[PDB]
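For reference, the chain that follows is the form deposited without this ligand, supplied as structure tokens.
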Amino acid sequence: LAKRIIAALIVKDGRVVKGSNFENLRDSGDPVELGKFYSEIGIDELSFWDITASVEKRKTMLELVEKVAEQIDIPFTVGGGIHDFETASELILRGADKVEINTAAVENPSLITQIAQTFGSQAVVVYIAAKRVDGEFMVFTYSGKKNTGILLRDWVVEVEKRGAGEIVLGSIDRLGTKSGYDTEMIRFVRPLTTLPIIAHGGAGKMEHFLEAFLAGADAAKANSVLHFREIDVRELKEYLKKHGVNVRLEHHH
């Protein structure tokens, strides 16, 4: 239960969408070189979310995990339109440690069980995008476009029951705002599940990570605050360790 800092990269056609400000890199838009650099400066895990056009997407995501696996040694997750078991299977076999699923899991919760029955619960990360509606936390699918009418409280319990290994708790209310993590939502979800909770949405400064870990998150997912170097990963882990947060600062056949 060392808290984990996870760098999330949005990719498309093998490119980091909107790149990064790491001028030391030969290609600041290369997801492989950027992920490698993050792994060398103390990021605990990587997460790739692909938005490639559907006709090149399958081959594009497979090339990605193959190139990432050969270069990095820390765990990484791949996600973005993973709709069924066979797609998840080929991605894990080709190099990914874990797959991240949202819409397809909501529409068919047995998909969680199906992947976990071959690859283990530890390979199945369920992203839950939630938002306050009429005083209740609701589950949203299709990139935030559809209110499922399903309560966050009910979906969290079902997700663990179906055999998921971890939950990314994404607050639509906070996505892109730099205003902080939705600690009220994290605190709401924490007593409902024994699974690791990965906070996503709202990161803006180092103090937001402290607040998220106080609220009960086991990991924090960060995107542009890292790529645009508004927060430094090394400074962040120094800060969290300084204030009591257990973070890490240091082959089968």
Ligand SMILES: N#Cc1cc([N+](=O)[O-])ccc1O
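Numbering starts at 1 and follows the sequence shown.
One more form of this protein exists, namely the form deposited with this ligand bound; it is left out here, but the text below deals with it.
Contact annotation for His208: none of its heavy atoms lies within 4.5 Å of this ligand in the bound PDB entry. When contacts are judged by a 4.5 Å heavy atom cut-off, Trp155 does not count as touching this ligand in the bound PDB entry. Interface residue remark: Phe48 is counted as part of the site for this ligand in the bound PDB entry, having a heavy atom within 4.5 Å. Within 4.5 Å of some heavy atom of this ligand in the bound PDB entry lies at least one heavy atom of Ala8. Of the candidate stretches 48 to 56, 24 to 32, 64 to 72, 210 to 218, only 48 to 56 contains residues with a heavy atom within 4.5 Å of this ligand in the bound PDB entry.
The candidate spot formed by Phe76, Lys98 and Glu166 is out of contact with this ligand in the bound PDB entry: none of the three has a heavy atom within 4.5 Å. With contact defined as any non-hydrogen atom lying within 4.5 angstroms of this ligand in the bound PDB entry, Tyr127 is the only contacting residue in 101 to 130.
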